[PDB]
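J.: Below is a structure I'd like to ask you about.
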Amino acid sequence: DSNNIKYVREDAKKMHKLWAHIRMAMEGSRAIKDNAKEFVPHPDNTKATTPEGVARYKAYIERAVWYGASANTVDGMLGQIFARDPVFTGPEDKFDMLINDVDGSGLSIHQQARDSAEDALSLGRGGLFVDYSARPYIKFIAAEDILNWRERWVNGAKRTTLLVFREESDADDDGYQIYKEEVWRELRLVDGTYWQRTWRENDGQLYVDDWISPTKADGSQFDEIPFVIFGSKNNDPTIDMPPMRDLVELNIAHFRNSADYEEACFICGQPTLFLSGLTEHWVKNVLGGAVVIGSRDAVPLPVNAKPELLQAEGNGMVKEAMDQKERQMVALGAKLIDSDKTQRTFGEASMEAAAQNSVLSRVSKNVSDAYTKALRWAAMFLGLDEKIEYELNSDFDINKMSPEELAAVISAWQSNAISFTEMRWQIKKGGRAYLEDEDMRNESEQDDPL
Amino acid sequence: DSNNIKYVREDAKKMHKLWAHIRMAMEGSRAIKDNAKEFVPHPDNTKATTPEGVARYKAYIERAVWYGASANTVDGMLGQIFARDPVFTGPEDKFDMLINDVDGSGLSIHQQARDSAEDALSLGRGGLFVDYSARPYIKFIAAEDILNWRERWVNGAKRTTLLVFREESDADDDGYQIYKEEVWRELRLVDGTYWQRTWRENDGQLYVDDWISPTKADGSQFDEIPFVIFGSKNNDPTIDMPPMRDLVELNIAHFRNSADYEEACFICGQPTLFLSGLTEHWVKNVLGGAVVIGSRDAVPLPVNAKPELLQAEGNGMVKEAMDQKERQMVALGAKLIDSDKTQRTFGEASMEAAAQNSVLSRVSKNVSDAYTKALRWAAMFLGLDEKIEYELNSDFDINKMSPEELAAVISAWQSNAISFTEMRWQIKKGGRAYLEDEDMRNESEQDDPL
Amino acid sequence: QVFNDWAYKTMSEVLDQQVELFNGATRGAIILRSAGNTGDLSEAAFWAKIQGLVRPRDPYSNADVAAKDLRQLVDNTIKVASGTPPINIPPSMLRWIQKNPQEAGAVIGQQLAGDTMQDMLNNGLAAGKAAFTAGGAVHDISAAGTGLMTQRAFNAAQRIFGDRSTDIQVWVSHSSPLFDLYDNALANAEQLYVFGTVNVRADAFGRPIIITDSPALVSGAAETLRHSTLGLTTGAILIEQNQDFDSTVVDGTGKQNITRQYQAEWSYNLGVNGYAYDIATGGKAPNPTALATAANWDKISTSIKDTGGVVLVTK
Amino acid sequence: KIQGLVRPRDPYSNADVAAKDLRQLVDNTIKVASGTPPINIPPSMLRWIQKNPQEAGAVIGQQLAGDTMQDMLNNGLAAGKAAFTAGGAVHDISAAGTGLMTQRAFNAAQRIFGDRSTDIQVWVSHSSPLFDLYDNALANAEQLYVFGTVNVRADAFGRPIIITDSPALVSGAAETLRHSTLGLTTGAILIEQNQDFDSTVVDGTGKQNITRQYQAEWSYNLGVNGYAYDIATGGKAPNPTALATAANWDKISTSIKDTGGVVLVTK
């Protein structure tokens with residue numbers, strides 16, 4: 001802490017635990033079963049100290065089952081948002097390099113947008129730092145990497161005068177060993193001028209650089225820091241709670257309930273004889289410490305002997321507790337699991353579609369705004385056209401377009417009602433065309449076969 | 001002199017507790033379990049004072065599950081209200097600076113509108129402040145930040161004379177410690193004129209600045225204090241009752257019932273052998289404190305001995321209490337959960353849609369009026385056009401427009417019965433168009449490719 | 001990648017000594033480069049300065065002819081091995097008041113980063129002090145007046161370093177000498193201070209004073225309490241890691257508990273400008289006492305001015 | 001905090017080394033509850049003068065706000081002083097020669113916290129120490145000041161000196177008057193308002209006039225960074241004297257430098 005560049009804000013310390021728990025939930029069952037002591041407490045602390053108790057706890061966690069509805073939920077929401085491709089408005093040839101390789105790795109801007117959507121859906125936070133190397137690069141900053149920021153009113157206007165984000169990298173030596181070189185970037189804004197100083201670590205080092213001011217095409221430095229922090233709630237420096245906390249908590253509860261249920265299933269799921277009313281004379285003389293239970297041979301027992309096959313029955317209260325946990329997960333969720341038993345009225349869901357897709361639309365719009373602002377900042381680096389738009393798919397419930405839908409969009413385009421590009425965007429959205437509108441135009445200009 | 005700039009009204013002090021608890025309920029499981037001390041009374045105060053009692057209480061709370069349907073409620077309501085994008089009517093290029101960065105921090109007016117709508121839906125309060133820097137800035141005053149107001153009649157009219165709100169910020173030093181320094185704004189109206197002071201607080205003192213009279217571009221100062229307070233009921237200084245009260249109380253009751261039910265699951269959920277009619281001598285002979293209970297191995301019992309598994313049976317009365325409370329939470333109208341088993345016959349949903357959407361429409365109208373007023377005041381500051389409007393999405397249950405719906409809208413535009421901008425508006429609401437109508441006209445004016 | 005990140009409650013006391021004393025913070029006087037190397041040594045050879053390269057001559061008399069030869073010196077860089085004691089991670093027992101004990105791995109990791117930083121800094125400082133003592137570049141101020149002077153003590157050290165005193169640009173010191181300097185600055189017997197300039201961290205020559213509470217700069221108690229501040233040249237002390245951090249977690253289930261044990265190893269090279277480690281007199285893997293022991297460091301550069309550093313001792 | 005984390009290692013030798021454990025520590029935050037004695041505000045005594053009865057409530061409200069601010073400030077300062085005395089972070093000038101405020105005393109208090117002495121941000125003191133400092137500066141025996149810069153509130157190395165006539169810092173009488181100037185880092189004194197503010201107005205009958213009583217009661221949490229309150233030695237709801245006594249707190253942080261706060265007894 002103190003005045004070090006790596007000082008982490010107190011609210012980041014607020015949210016680190018929840019971020020780590022959500023990361024465990026997304027990762028799968030390996031992290032959960034490795035960090036089970038966080039979630040599932042030992043059924044007995046006195047035995048938890050005892051070696052037999054800790055062995056019992058190891059077997060107790062091993063037999064448990066992790067339902068894993070959280071990762072499936074986030075993946076489903078991602079697939080709903082990222083159906084087909086986002087639409088980029090503006091000159092494509094002037095922004096072609098930004099589209100194809102956003103940060104010099106051959107990584108398309110669409111895949112980085114997908115990563116942004118994933119982190120905004122899971123953790124509800126992220127970052128898009130655009131910097132100048134000549135070519136602008138739009139970096140991606142994880143939620144736990146933004147570790148400091150400030151908010152000040154200057155001339156009665158909200159402005160961020162500081163933003164510190166940690167950064168990691170791989171060192172190039174002659175050998176093949178893998179290191180982890182940590183870099184700190186400090187973005188400051190003094191007297192309405194954007195400043196940027198880089199802090200480097202080598203074994204815990206601080207390579208301090210000069211204060212430099214990146215300049216636009218015409219110069220004039222910058223009015224605001226080229227950094228945007230996006231979240232589920234809004235694009236604010238203030239911390240936005242993740243949209244996945246309730247589902248993760250429900251999965252944790254389901255996991256501990258399943259641990260108890262699996263312990264019961266293993267211990268008492270096997271039927272047992274419980275041969276009541278036996279004298280040990282009988283056991284030694286005829287039973288001989290062994291019972292043949294198959295249909296071929298019959299076991300004789302003395303008078304007043306009541307053999308009763310005993311095992312726990314179904315529809316247990318733990319099992320139905322787990323069932324209501326699953327039901328609460330499905331009800332308190334969006335597109336997470338499918339139930340083939342259940343039937344739903346068509347058309348009835350059209351009214352609830354607005355509320356069901358609430359976080360989907362919120363995240364799509366927030367990421368679209370963040371990427372639009374970053375693209376505009378890169379344009380100011382390159383002095384390109386300012387009015388550029390990056391629009392993600394806000395049209396959820398994507399499905400193949402019906403013949404009537406295609407006929408309707410064609411009829412609408414035949415009148416001055418839908419722009420031809422909009423109609424082609426529709427018909428690619430419905431999966432009835434894949435060529436670019438330009439190529440289709442140049443091919444269909446020539447005369448028909450006949 | 002009074003020097004009580006920080007004084008808070010008695011009724012605001014009364015509402016602080018409810019506001020804080022609503023914030024906690026929206027926050028998630030972590031906040032509730034951190035303060036389950038209030039919501040969950042200890043089953044025994046005599047044990048609650050004792051140390052093993054507090055250990056049992058901690059183990060009791062940790063197994064509880066916060067259902068958290070209030071957050072899902074508010075999320076669904078906001079998603080229905082803020083679907084697509086609220087429409088701004090007026091000269092856009094004069095007002096582009098306001099629409100782009102509403103408070104000079106890069107956030108579009110739509111995101112601040114979403115934040116205000118969420119604050120109105122959640123705890124039924126908010127505040128929009130417009131001040132002069134040259135550029136006007138539309139502040140967003142948090143519900144707890146408005147800490148004083150006053151209502152006095154002059155010339156037989158409702159006029160607000162005093163209004164004090166807190167403005168938060170972070171101190172700008174070269175170091176990395178984050179202070180949290182507050183400035184208090186005293187908005188006062190004397191003889192129909194708007195005045196303003198700011199109170200600052202540093203180094204053990206309380207600053208006072210000179211009275212100023214902010215003026216329009218045309219001068220003539222002001223007649224109304226440029227501050228609007230909105231809520232669920234209406235735009236009044238008096239507090240509007242928060243809409244989440246019922247859901248919050250039902251969720252707290254569900255949480256404590258879930259605590260009780262989970263304690264029952266842990267303790268009495270697992271079956272036990274419960275060997276009756278058993279002597280110590282037999283146990284020490286053959287049982288020896290260890291009973292193998294696999295299907296492979298059978299164990300005997302003495303004469304007139306009875307084994308009986310005992311576990312809590314399902315459909316318990318506590319479970320049915322939780323079930324009725326969940327059904328109540330659904331019944332109060334919140335779009336908090338969905339149900340895959342339920343099937344509704346269409347033609348009746350629209351019968352009561354206007355009643356289910358009551359608070360949504362109320363909040364839409366209130367926020368639209370508040371932002372309209374703020375935009376008018378900003379225009380007065382700039383001396384630009386006054387006939388500007390800002391309206392939110394007032395038609396919920398949005399969905400993809402049907403081919404028949406598209407054809408009907410198009411035919412409506414063919415006749416001089418619906419405007420072209422209206423047709424474009426509806427087609428965009430139906431998700432059947434994305435680009436701006438001016439770009440449409442520019443493209444479609446050119447001749448058909450043929 | 002960490003299983004659990006550190007929360008507000010998990011404010012494990014990180015450290016009590018400033019350990020950001022590398023390169024820019026110390027103007028390059030103590031560097032912390034990273035370069036892996038094999039063996040227990042890394043020596044380099046450079047040509048020595050010929051003593052009688054230029055000689056008086058008598059052209060009139062042939063007389064005899066002298067013979068001269070050129071030698072080679074050997075720089076050295078010892079490798080210091082460190083490690084972590086086996087750490088008993090609690091076996092899910094510290095739970096009544098703590099939220100959870102499984103975050104022991106994360107707390108160990110963070111405290112271990114801090115403590116390896118402090119350990120490297122302490123070993124570098126102790127080795128530097130021992131080497132400078134071996135080189136005869138120690139100034140003692142314990143019998144003159146109170147024990148510390150305002151700037152007249154620094155001038156003695158630059159006097160010792162000589163005509164090339166300009167290249168010393170950094171002073172590292174304990175906090176007690178700094179507070180004594182403030183006390184004598186706030187009490188100006190010679191009226192060369194004004195209230196606006198009584199908080200200067202320089203030494204009236206442009207050399208800043210960097211403050212750390214490393215135990216290598218303080219020893220004894222009461223009347224035997226001596227604070228050792230040592231002035232460094234550019235790149236005087238070299239600390240190079242070998243980027244070979246190791247770790248393991250073993251569950252010794254038999255010994256009355258699973259007993260999660262945490263181990264760690266790491267080694268770094270340490271070398272003082274102008275000096276060499278006497279491995280024959282010392283050891284292959286020296287301990288902090290072996291590093292801090294004089295006569296384990298041998299001066300290589302012929303001129304004291306080439307050897308980088310000077311130690312000032314005050315009570 | 002683990003004391004021994006780095007150990008001199010020998011790769012060429014196999015030998016046993018003793019293990020170490022993980023400790024834990026608990027912070028504390030006592031809850032203090034305050035209130036107001038019943039206040040007679042009969043409507044008759046205000047209508048006789050022809051005044052609005054709510055004026056009495058407004059007067060009580062403004063005075064109550066002022067006195068609540070004062071009470072929390074005073075209790076926080078007293079608890080801070082007691083905790084710093086308990087933790088051993090005390091420097092006395094009363095014994096050393098003449099006990100008056102001087103920059104030397106500020107430097108001596110700065111001597112505590114070792115290398116981390118910058119974290120101290122402000123000095124909170126009674127008015128008398130500041131005026132004694134002024135009197136010292138006016139006759140500058142050591143030529144440190146000129147008439148232009150003789151008055152410096154932010155005196156010690158740029159740290160502000162913040163003045164309040166809190167009875168907690170006074171703790172003295174007549175000749176044996178011992179003013180206490182205590183320096184604070186960020187977050188030194190923690191005071192949370194439990195927002196449980198009850199304010200009832202009860203009115204009665206049976207007398208010649210309608211009687212009214214004002215009754216207000218609230219609570220607020222109080223704590224000091226790096227220190228814990230002792231319930232076994234203290235009380236359930238401590239009065240200010242219970243807080244003000246040393247040995248009722250105890251330091252929990254391993255190093256003083258983490259426990260923000262240095263108190264300086266000035267006579």
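Ordered as shown in the structure tokens, chains take letters A, B, and onward, while each chain numbers its residues from 1 and ligands are numbered from 1 in the order shown.
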With only C-alpha atoms counted and 12 Å as the cut-off, give the residues of chain A in contact with chain D, each with its shortest interatomic distance in Å and the pair that gives it, as CSV.

T.:
```
residue,atom,partner,partner_atom,distance
A:1,CA,D:119,CA,11.2
A:2,CA,D:119,CA,7.9
A:3,CA,D:119,CA,9.4
```

J.: So which residues touch residue B:67 within 12 Å, counting only C-alpha atoms, skipping near sequence neighbours fewer than 4 positions away, as a PyMOL selection string?

T.: (chain A and resi 245-251+253+324-325+327-329+331-333) or (chain B and resi 25-30+32-33+71-73+247-248+250-259+322+325-326+329+336-337)

J.: So that I can check the surroundings of residue C:238, please list as a PyMOL selection string every protein, DNA and RNA residue that reaches within 7 Å of it, counting only C-alpha atoms and ignoring chain neighbours fewer than 4 positions away.

T.: chain C and resi 30-32+270-272

J.: Please write the residues from the selection above to a file, keeping C-alpha atoms, as a CSV table (one decimal), in the first residue's frame.

T.:
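Contents of the output file selection_22.csv:
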```
chain,number,residue,atom,x,y,z
C,30,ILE,CA,21.4,-0.7,-5.9
C,31,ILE,CA,20.3,-2.6,-9.0
C,32,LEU,CA,18.0,-5.7,-9.1
C,270,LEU,CA,25.1,-10.7,-5.0
C,271,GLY,CA,28.2,-8.7,-5.9
C,272,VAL,CA,29.7,-5.5,-4.7
```

J.: Please give the root-mean-square deviation of the Cα atoms once chain A has been least-squares fitted onto chain B, pairing every Cα in order.

T.: 1.0 Å

J.: Could you make a table, as a tab-separated table, of the residues of chain B that have an atom within 10 Å of an atom of chain C, each with its nearest atom pair and distance in Å to one decimal, counting only C-alpha atoms, in chain and number order?

T.:
```
residue	atom	partner	partner_atom	distance
B:51	CA	C:96	CA	9.9
B:52	CA	C:96	CA	9.8
B:54	CA	C:96	CA	9.1
B:55	CA	C:96	CA	6.4
B:56	CA	C:96	CA	9.7
B:58	CA	C:96	CA	8.2
B:59	CA	C:96	CA	9.0
B:62	CA	C:99	CA	9.9
```

J.: Using only C-alpha atoms, which protein or nucleic acid residues come within 10 Å of stretch 208-222 of chain D? Drop anything in the same chain fewer than 2 positions from it, and give the result as a compact mmCIF listing (two decimals) with C-alpha atoms, in the first residue's frame.

T.:
```txt
# COMPACT_ATOMS: atom_id res chain seq x y z
CA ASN D 28 -12.65 -4.19 17.65
CA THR D 29 -15.19 -1.38 17.52
CA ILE D 30 -17.08 -0.51 20.70
CA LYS D 31 -20.61 0.86 20.41
CA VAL D 32 -21.37 4.05 22.35
CA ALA D 33 -24.98 5.09 22.92
CA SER D 34 -25.94 8.67 23.75
CA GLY D 35 -29.20 10.47 24.35
CA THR D 36 -30.95 13.62 25.50
CA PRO D 37 -32.58 14.30 28.88
CA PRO D 38 -36.33 14.94 28.63
CA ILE D 39 -37.04 18.51 27.57
CA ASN D 40 -40.25 20.26 28.59
CA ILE D 41 -41.77 22.02 25.58
CA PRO D 42 -45.40 22.72 26.57
CA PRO D 43 -47.45 24.39 23.83
CA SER D 44 -49.03 26.78 26.35
CA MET D 45 -45.73 28.42 27.29
CA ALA D 56 -39.00 24.68 20.30
CA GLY D 57 -38.47 21.50 18.29
CA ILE D 60 -33.67 21.62 20.08
CA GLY D 61 -32.85 20.15 16.68
CA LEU D 64 -28.79 18.76 19.22
CA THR D 68 -24.00 15.46 18.72
CA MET D 72 -18.77 12.15 18.89
CA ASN D 75 -15.32 10.71 22.57
CA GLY D 76 -13.30 9.79 19.49
CA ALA D 79 -10.55 7.00 22.95
CA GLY D 80 -7.71 7.71 20.53
CA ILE D 189 -10.16 7.42 14.35
CA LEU D 190 -13.19 5.46 13.14
CA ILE D 191 -16.69 6.68 14.04
CA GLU D 192 -19.73 5.08 12.40
CA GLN D 193 -23.29 6.29 12.91
CA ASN D 194 -25.66 3.39 13.53
CA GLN D 195 -28.52 5.49 12.03
CA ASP D 196 -30.78 4.26 14.85
CA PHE D 197 -32.08 7.69 15.85
CA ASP D 198 -35.25 7.67 17.96
CA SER D 199 -37.03 10.98 18.53
CA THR D 200 -40.39 10.81 20.32
CA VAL D 201 -42.49 13.63 21.74
CA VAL D 202 -44.72 12.46 24.60
CA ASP D 203 -47.55 14.67 25.83
CA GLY D 204 -49.59 14.30 29.00
CA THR D 205 -52.76 15.51 30.70
CA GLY D 206 -54.11 16.00 34.20
CA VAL D 224 -9.20 3.14 16.43
CA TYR D 229 -11.29 -2.59 23.05
```

J.: With a distance threshold of 6 Å and counting only C-alpha atoms, extract the residues of chain A near chain B and express them as a PyMOL selection string.

T.: chain A and resi 3+150-152+155-159+270-278+317-318+331-332+342+344-345+348+351+354-355+358+405+408+419

J.: Could you tell me how far atom CA of residue A:8 sits from atom CA of residue B:142, in Å to one decimal place?

T.: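 We find that atom CA of residue B:142 and atom CA of residue A:8 lie 25.8 Å from each other.
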
J.: Give me, as a compact mmCIF listing (two decimals) with N, CA and C atoms, in the first residue's frame, the residues of chain D touching chain C, with the criterion being at most 10 Å (counting only C-alpha atoms).

T.:
```
# COMPACT_ATOMS: atom_id res chain seq x y z
N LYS D 1 0.90 -11.88 11.15
CA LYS D 1 2.11 -11.73 10.34
C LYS D 1 3.13 -12.77 10.80
N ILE D 2 3.78 -13.41 9.83
CA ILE D 2 4.79 -14.43 10.10
C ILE D 2 6.14 -13.75 10.22
N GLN D 3 6.82 -13.97 11.34
CA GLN D 3 8.09 -13.29 11.58
C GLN D 3 9.20 -13.84 10.70
N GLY D 4 9.51 -15.13 10.84
CA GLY D 4 10.56 -15.72 10.03
C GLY D 4 10.05 -16.39 8.77
N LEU D 5 10.11 -15.68 7.65
CA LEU D 5 9.72 -16.24 6.36
C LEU D 5 10.89 -16.58 5.46
N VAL D 6 12.03 -15.90 5.62
CA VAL D 6 13.22 -16.16 4.82
C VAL D 6 14.26 -16.79 5.72
N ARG D 7 14.89 -17.87 5.25
CA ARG D 7 15.86 -18.59 6.03
C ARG D 7 17.12 -18.83 5.21
N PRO D 8 18.30 -18.64 5.80
CA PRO D 8 19.54 -19.01 5.10
C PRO D 8 19.55 -20.49 4.76
N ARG D 9 19.65 -20.78 3.47
CA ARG D 9 19.54 -22.14 2.96
C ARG D 9 20.90 -22.67 2.53
N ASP D 10 21.06 -23.98 2.64
CA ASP D 10 22.28 -24.67 2.23
C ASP D 10 21.91 -25.79 1.26
N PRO D 11 22.09 -25.58 -0.04
CA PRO D 11 21.73 -26.63 -1.01
C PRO D 11 22.59 -27.87 -0.89
N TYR D 12 23.75 -27.79 -0.26
CA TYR D 12 24.67 -28.91 -0.16
C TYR D 12 24.47 -29.75 1.09
N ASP D 16 17.17 -30.66 9.21
CA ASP D 16 15.79 -30.35 9.58
C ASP D 16 15.67 -28.91 10.06
N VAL D 17 14.55 -28.28 9.71
CA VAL D 17 14.24 -26.92 10.13
C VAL D 17 12.85 -26.89 10.73
N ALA D 18 12.70 -26.18 11.85
CA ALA D 18 11.45 -26.17 12.58
C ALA D 18 10.37 -25.44 11.80
N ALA D 19 9.13 -25.92 11.93
CA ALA D 19 8.01 -25.36 11.20
C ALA D 19 7.46 -24.12 11.90
N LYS D 20 6.60 -23.39 11.18
CA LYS D 20 5.95 -22.20 11.70
C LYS D 20 4.47 -22.25 11.39
N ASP D 21 3.68 -21.52 12.18
CA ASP D 21 2.23 -21.55 12.08
C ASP D 21 1.71 -20.24 11.48
N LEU D 22 0.39 -20.15 11.36
CA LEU D 22 -0.30 -18.93 10.98
C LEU D 22 -1.09 -18.43 12.17
N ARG D 23 -0.88 -17.17 12.54
CA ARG D 23 -1.64 -16.55 13.60
C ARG D 23 -2.79 -15.74 13.01
N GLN D 24 -3.68 -15.27 13.88
CA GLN D 24 -4.76 -14.38 13.48
C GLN D 24 -5.02 -13.40 14.61
N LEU D 25 -5.60 -12.26 14.26
CA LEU D 25 -5.81 -11.17 15.20
C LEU D 25 -7.19 -10.58 14.94
N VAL D 26 -7.77 -9.97 15.97
CA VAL D 26 -9.12 -9.44 15.90
C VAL D 26 -9.09 -7.95 16.17
N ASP D 27 -9.70 -7.18 15.27
CA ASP D 27 -9.96 -5.77 15.50
C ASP D 27 -11.24 -5.63 16.33
N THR D 102 7.20 23.10 20.58
CA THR D 102 8.31 23.54 19.76
C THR D 102 8.42 22.55 18.61
N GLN D 103 9.02 23.00 17.50
CA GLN D 103 9.23 22.10 16.37
C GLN D 103 10.04 20.88 16.79
N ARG D 104 10.88 21.04 17.80
CA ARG D 104 11.65 19.91 18.32
C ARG D 104 10.73 18.83 18.86
N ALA D 105 9.66 19.22 19.56
CA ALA D 105 8.70 18.24 20.07
C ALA D 105 8.01 17.50 18.93
N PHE D 106 7.63 18.22 17.87
CA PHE D 106 7.02 17.57 16.72
C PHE D 106 7.99 16.58 16.08
N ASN D 107 9.26 16.96 15.97
CA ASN D 107 10.25 16.03 15.43
C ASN D 107 10.41 14.81 16.33
N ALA D 108 10.38 15.02 17.65
CA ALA D 108 10.51 13.90 18.58
C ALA D 108 9.34 12.94 18.46
N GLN D 110 7.67 12.61 15.71
CA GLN D 110 7.96 12.03 14.41
C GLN D 110 9.00 10.92 14.49
N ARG D 111 9.80 10.91 15.57
CA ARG D 111 10.82 9.87 15.73
C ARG D 111 10.18 8.49 15.83
N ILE D 112 9.05 8.39 16.54
CA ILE D 112 8.26 7.17 16.51
C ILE D 112 7.75 6.98 15.08
N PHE D 113 7.37 5.75 14.75
CA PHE D 113 6.99 5.26 13.43
C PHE D 113 8.22 4.99 12.56
N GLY D 114 9.43 5.21 13.06
CA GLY D 114 10.64 4.83 12.36
C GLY D 114 10.77 5.40 10.96
N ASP D 115 11.02 4.52 9.99
CA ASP D 115 11.15 4.96 8.60
C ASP D 115 9.82 5.46 8.05
N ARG D 116 8.71 4.86 8.46
CA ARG D 116 7.39 5.27 8.00
C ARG D 116 6.83 6.42 8.82
N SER D 117 7.50 7.57 8.82
CA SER D 117 6.99 8.73 9.55
C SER D 117 6.22 9.69 8.66
N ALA D 141 14.33 32.51 19.15
CA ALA D 141 15.73 32.49 19.57
C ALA D 141 16.60 31.87 18.48
N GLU D 142 16.11 30.80 17.86
CA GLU D 142 16.73 30.24 16.67
C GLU D 142 16.10 30.91 15.45
N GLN D 143 16.94 31.47 14.58
CA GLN D 143 16.48 32.36 13.52
C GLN D 143 15.81 31.53 12.43
N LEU D 144 14.60 31.07 12.73
CA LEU D 144 13.83 30.24 11.81
C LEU D 144 12.69 30.98 11.13
N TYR D 145 12.27 32.13 11.65
CA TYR D 145 11.08 32.81 11.17
C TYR D 145 11.38 34.26 10.86
N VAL D 146 10.54 34.84 10.00
CA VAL D 146 10.45 36.28 9.82
C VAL D 146 8.98 36.66 9.99
N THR D 149 6.25 35.05 7.88
CA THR D 149 5.96 33.62 8.04
C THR D 149 6.02 33.21 9.50
N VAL D 150 5.60 34.10 10.41
CA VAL D 150 5.66 33.77 11.83
C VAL D 150 4.48 32.90 12.23
N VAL D 152 2.24 29.85 11.13
CA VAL D 152 2.09 28.71 10.23
C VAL D 152 1.26 27.63 10.90
N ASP D 155 2.36 23.37 10.35
CA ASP D 155 3.69 23.69 10.86
C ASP D 155 4.69 22.56 10.65
N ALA D 156 4.44 21.40 11.24
CA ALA D 156 5.45 20.34 11.28
C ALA D 156 5.55 19.66 9.93
N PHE D 157 6.56 20.03 9.14
CA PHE D 157 6.88 19.36 7.88
C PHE D 157 5.66 19.30 6.95
N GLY D 158 4.89 20.39 6.92
CA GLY D 158 3.72 20.46 6.08
C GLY D 158 2.48 19.79 6.64
N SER D 253 -1.83 -4.91 16.33
CA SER D 253 -0.89 -4.97 15.22
C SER D 253 0.52 -5.26 15.74
N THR D 254 1.28 -6.03 14.96
CA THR D 254 2.61 -6.44 15.39
C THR D 254 3.56 -5.25 15.48
N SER D 255 3.41 -4.28 14.59
CA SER D 255 4.28 -3.12 14.55
C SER D 255 3.50 -1.85 14.88
N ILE D 256 4.15 -0.94 15.61
CA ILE D 256 3.52 0.34 15.93
C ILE D 256 3.19 1.10 14.66
N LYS D 257 4.04 0.98 13.64
CA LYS D 257 3.89 1.73 12.40
C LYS D 257 2.54 1.49 11.73
N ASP D 258 1.93 0.33 11.94
CA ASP D 258 0.60 0.08 11.40
C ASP D 258 -0.48 0.79 12.20
```

J.: If we count only C-alpha atoms, what is near residue C:282 at a cut-off of 10 Å, once residues fewer than 2 positions away on the same chain are taken out, given as a PyMOL selection string?

T.: chain C and resi 277-280+284-287+290-291+293-297

J.: Go ahead and save the picked residues with N, CA and C atoms, as a short mmCIF file (atom, residue, chain, number, x, y, z; two decimals), in the first residue's frame.

T.:
```cif
data_model
loop_
_atom_site.label_atom_id
_atom_site.label_comp_id
_atom_site.auth_asym_id
_atom_site.auth_seq_id
_atom_site.Cartn_x
_atom_site.Cartn_y
_atom_site.Cartn_z
N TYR C 277 34.20 -11.93 -3.48
CA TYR C 277 33.92 -12.77 -2.31
C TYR C 277 35.01 -13.82 -2.16
N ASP C 278 35.59 -13.90 -0.96
CA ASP C 278 36.64 -14.87 -0.67
C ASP C 278 35.98 -16.20 -0.35
N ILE C 279 35.67 -16.97 -1.40
CA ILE C 279 34.94 -18.22 -1.22
C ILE C 279 35.76 -19.22 -0.41
N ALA C 280 37.08 -19.23 -0.59
CA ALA C 280 37.92 -20.12 0.21
C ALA C 280 37.84 -19.78 1.69
N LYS C 284 30.69 -21.86 0.05
CA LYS C 284 30.02 -21.96 -1.25
C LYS C 284 28.64 -21.32 -1.21
N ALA C 285 27.91 -21.50 -0.11
CA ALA C 285 26.57 -20.93 0.06
C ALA C 285 26.57 -20.11 1.34
N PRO C 286 26.99 -18.85 1.28
CA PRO C 286 27.12 -18.05 2.50
C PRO C 286 25.77 -17.72 3.12
N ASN C 287 25.78 -17.59 4.44
CA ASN C 287 24.62 -17.12 5.19
C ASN C 287 24.74 -15.61 5.41
N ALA C 290 27.76 -14.76 7.18
CA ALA C 290 28.95 -14.92 6.35
C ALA C 290 29.11 -13.76 5.38
N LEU C 291 28.01 -13.29 4.80
CA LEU C 291 28.07 -12.11 3.94
C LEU C 291 28.51 -10.88 4.71
N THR C 293 30.34 -10.70 7.32
CA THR C 293 31.62 -10.86 7.99
C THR C 293 32.74 -10.32 7.10
N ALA C 294 33.54 -9.41 7.66
CA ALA C 294 34.70 -8.90 6.95
C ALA C 294 35.72 -10.02 6.73
N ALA C 295 36.68 -9.75 5.84
CA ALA C 295 37.71 -10.67 5.38
C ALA C 295 37.14 -11.80 4.53
N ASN C 296 35.82 -11.89 4.40
CA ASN C 296 35.20 -12.71 3.36
C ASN C 296 35.05 -11.94 2.06
N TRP C 297 35.26 -10.63 2.09
CA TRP C 297 35.22 -9.77 0.91
C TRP C 297 36.61 -9.21 0.68
#
```
